[PDB]
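Contents: one structure, followed by commentary.
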RNA sequence: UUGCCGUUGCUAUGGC
Ligand SMILES: [Zn+2]
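Chains as they are written, first to last, in this note's numbering: chain A, 1 to 121; chain B, 1001 to 1049; chain C, 2001 to 2454; chain D, 3001 to 3126; chain E, 4001 to 4102; chain F, 5001 to 5171; chain G, 6001 to 6134.
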């Protein structure tokens, strides 16, 4: 067991990154570590994606404890660069969060990814 | 015909707050309190058989 | 066996549809249409041109004259060239400057001629999407395209404009906005020997223009992510690739129809295929194209794939999995923050977070036997496609280009059996769309020219 | 998921309707039929005239619940476990049980009528 | 600014003619503007403006494109010979009215 | 379309109340039309289940039905089984219409704002301006629902109210 | 007896057996692409009609090919249009949902009777089926 | 050979 433990393999990683890109287009993604912990303590979050290769790792390992407290799925993508590119911004991000919405046109996709990463976790 | 069903559904989902207790979306800001009262005598839970 | 029964019943079905070689084999409608074919005109643009320049193993590779002319522009982004039937080249940067070069002095480095630098002066005084008719670029010029006849260069970027500059003076003759808020252009390609431009805009849209008439022909829709690259030849077909939908489409633009080609490599079946006796996996995002001829093309992916596709097969014909290597893993003095090397090594998880270089530039020489791939591995790769057109293979490398290769294209010289080319490649220290790129390992913002011979 | 009782089974066999196939072409959905232990106790207590009905209720396609009470009053058991939970269709032909079930709200009621099953308080049948 | 595209250009020597299909492109304009289209066609091909003709115009839904049928002649006299009289009334010079009785 | 069996029971009335209010429908005929053809769809899929495995009808019409249901978009890509066609229902069908989709994509503030945007022609999927609200967008036309370029909520010239107010304030 | 020239037996029928489930499976397992339109270009009356079905866009492509091929507009011929356009659009809004026709699932027509289960290669001998396999 | 700056060559490199 490493610190960044529940890492996803390549198929789950690309499923995660595709729904991250679609939520970023639909304004349902809060990107960055402290925005992610803000939306996590506010409770509007469906799952959090941490990238398992940033330059420290505890910098985002603070978030699994918060997700565990509030029972939110969390998953580790192995590329901060690809995560930022999926988020649609011109920088690497290390953590992102899918906020809850019921007037959301990708709710089935988000729920399927939640089920996959929760059976992983 | 469309605005009538817009305004009899708004009436219906305002009546639904009376019969059930509707999940409004969770805690908005700081937890202020129950804002309406706490009854220590009433138990609104379904007993079995 | 249900799929066996499906295949069997489909075979019986096709046999029955046939039901509902002799010495005489002539069909009246076919020969009548062939009489109309003998009657018609314009066997010029619509050549279904196959690969007629078979010269991959012929020319030299290992001793190219490689000059990396460094320029003082932050993050060069595109390269456009020109040959008539003196040669000029064009570069453009993230510093909002277009720069004209002369390149025809073949044995030496290119020569700067003229700047054209937009800036904060060109921000429109409206913030209103159809009075975007200014005369310069105020944000992030992403692509240049020279005319096949050479009257104009046409450029555009994240300011959702197409500015068409004259060649002889680098002056903006005409401005055409893309009339909506997300309408950033990402790739431009003229169809060859023409005046028709194909721009690929991030509205999942492809706009087409006639430049010498200052008119827009046709807007054509249908990708699912941003159309990251475009490619065209002398035919009125076009080939675009959207980024994350992992499909490449090709467009009959007069018919406004398309052929889609999805990817579809899975590490489950691929690791089983290796398990019959290994760090290779699925696909991120198809990124770059170049139409090699009018029956085949090649795609550069996000997991370092280079794939070769035909016009007659949905799934790709040939793959090449790792084309520029896998990236150097982040150091133990920059992963963890513990004290001991054992825990800082445990925070690498072995091989699980090694990510491959992604091919950020691909150029097929038109109708030829050889294409060039480039990323930030430092070394361009040259590949030739086999003469049966079902595979390609690495010839050699061009290792004098330190940085990301934001553009590759070649410039021809020499006659039908003796040839020499200079491969231009725009080199930056930052990807042409966003930043995202750490470990800048000795990169410089320059033009890597190579002179290849024979 | 549909709770069966004894007169629904008897009327199914008297009208020659299969249980799971009659349920499926009534609702146009996939059904899970449930025999409570009190309905099974009632079918067994019906005697050796109803052997056909008992060993058609003994069917692996018909799943079965485990009621935890004294006595075998299936109408009480069905009414209690449906007004507790509201995730059940009640298939019945008793007039009294039909009136109880259609007086408690949100509970769809299925019944043998004619030569196939009918459903009433389920508002999405077509 | 209107835009022009010829496709499938064949030659009819029996009718001394060259014929083709005409994709006419007018983004943010109403329609084909047929006389201006004959001008644009007569200048993209050779001169013969009273020998170029278009007849079959169908605009697709939402505007922009329209497919027409273009036929261009040499020799305006033999164009007058070979074209029909209603199209000559529409575009060129001929005008003979029918006798209105019964 | 066709009317239901018992059209006036209170569960059906509260059903239609929730459906018309949650999806901005004008009358009962929207629900009844889309439910009539859904009834045909899963009445067919019931027969495809009542025949056996390796039946030619079941194999070919089953994968045909689930593939064109996935391409309409009411069925996701991974559930390629034929019992999910039975689990399908009416709001899975009228979440696919253009009014619902315009509101969910966020070009409008409610389903009624979406209905008036569609009927005032500010919405175009792909190339063509769609102008009826009950359109049933597909899984490939799901991402090209945007504002029409002929409309002031796109980038076009502003309408008559805005330009008349600008002219009168210029006077 | 004697021969008699039968165009109904050397005419290309190919439509008694053209079933949409088999054709859809062939389009799935075809391994060559399918010429689909740019996505807005195939809806018809701003959505007042359907999208258009695959048979309708095939027929439209045939009509425009014949159209350009011999330079003639088709017409508003009353009997054929009052049959075909009105009956076609009414069964289109009946059975075509979102560009996909679901009319076939509501139609009794046996697949294996006409379109499968080969009649010429019926192999009514043990030896003929043995030679057809090997 | 450039936005600066260093080695420079009497041309190539490397730090922002
Ligand atoms: Zn019981």
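In this text, a Cβ means the ideal position worked out from N, Cα and C, and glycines have one as well.
Residue i beta carbon near ligand 1 (any heavy atom closer than 7 Å)
i: residue 3085 of chain D; result: no
i: residue 3037 of chain D; result: yes
i: residue 3074 of chain D; result: yes
i: residue 87 of chain A; result: no
i: residue 2223 of chain C; result: no
i: residue 3077 of chain D; result: yes
i: residue 3031 of chain D; result: no
i: residue 3069 of chain D; result: yes
Simplified DSSP assignment, three categories, for residue i
i: residue 1949 of chain C; result: No statement about residue 1949 of chain C is possible, as the shown extent of chain C runs from 2001 to 2454 and does not include it.
i: residue 4005 of chain E; result: strand
i: residue 5055 of chain F; result: coil
i: residue 3026 of chain D; result: helix
i: residue 2249 of chain C; result: strand
i: residue 2019 of chain C; result: helix
i: residue 2307 of chain C; result: strand
i: residue 6114 of chain G; result: helix
i: residue 3033 of chain D; result: strand
i: residue 2048 of chain C; result: coil
Residue closest to residue i, alpha-carbon to alpha-carbon, out of the options
i: residue 2227 of chain C; options: C:2243, C:2219, C:2087; result: C:2243
i: residue 3067 of chain D; options: D:3060, D:3061, D:3076; result: D:3076
i: residue 2344 of chain C; options: C:2417, C:2311, C:2336; result: C:2336
i: residue 2065 of chain C; options: C:2401, C:2433, C:2436, C:2406; result: C:2401
i: residue 3054 of chain D; options: D:3115, D:3001, D:3107, D:3005; result: D:3005
i: residue 5121 of chain F; options: F:5171, F:5102, F:5138; result: F:5102
i: residue 5018 of chain F; options: B:1036, B:1009, B:1025; result: B:1009
i: residue 2351 of chain C; options: A:72, A:111, A:52, A:86; result: A:52
i: residue 2376 of chain C; options: C:2055, C:2430, C:2219; result: C:2430
i: residue 2199 of chain C; options: C:2186, C:2192, C:2177; result: C:2186
Classification of residue i by the beta-carbon crowding that lies within 10 angstroms, buried from 16 upward
i: residue 6035 of chain G; result: exposed
i: residue 3008 of chain D; result: buried
i: residue 5119 of chain F; result: exposed
i: residue 2275 of chain C; result: exposed
i: residue 48 of chain A; result: buried
i: residue 6127 of chain G; result: exposed
i: residue 3087 of chain D; result: exposed
i: residue 2110 of chain C; result: buried
i: residue 2128 of chain C; result: exposed
i: residue 6025 of chain G; result: buried
i: residue 2369 of chain C; result: buried
Enclosing beta strand (DSSP E) for residue i [first to last residue]
i: residue 2207 of chain C; result: 2205 to 2210
i: residue 2177 of chain C; result: 2172 to 2177
i: residue 4026 of chain E; result: 4017 to 4026
i: residue 2228 of chain C; result: 2227 to 2231
i: residue 2081 of chain C; result: 2076 to 2081
Residue i, enclosing alpha helix (DSSP H) - first and last residue
i: residue 87 of chain A; result: 80 to 87
i: residue 2267 of chain C; result: 2267 to 2275
i: residue 2296 of chain C; result: Not the alpha helix (DSSP H): residue 2296 of chain C falls in the beta strand (DSSP E), residues 2296 to 2300.
i: residue 1012 of chain B; result: 1002 to 1019
i: residue 6127 of chain G; result: 6126 to 6133
i: residue 5161 of chain F; result: 5160 to 5170
i: residue 2216 of chain C; result: Taken as a continuous stretch (DSSP letters only), residue 2216 of chain C belongs to no alpha helix (DSSP H), being part of the beta strand (DSSP E) at 2215 to 2221.
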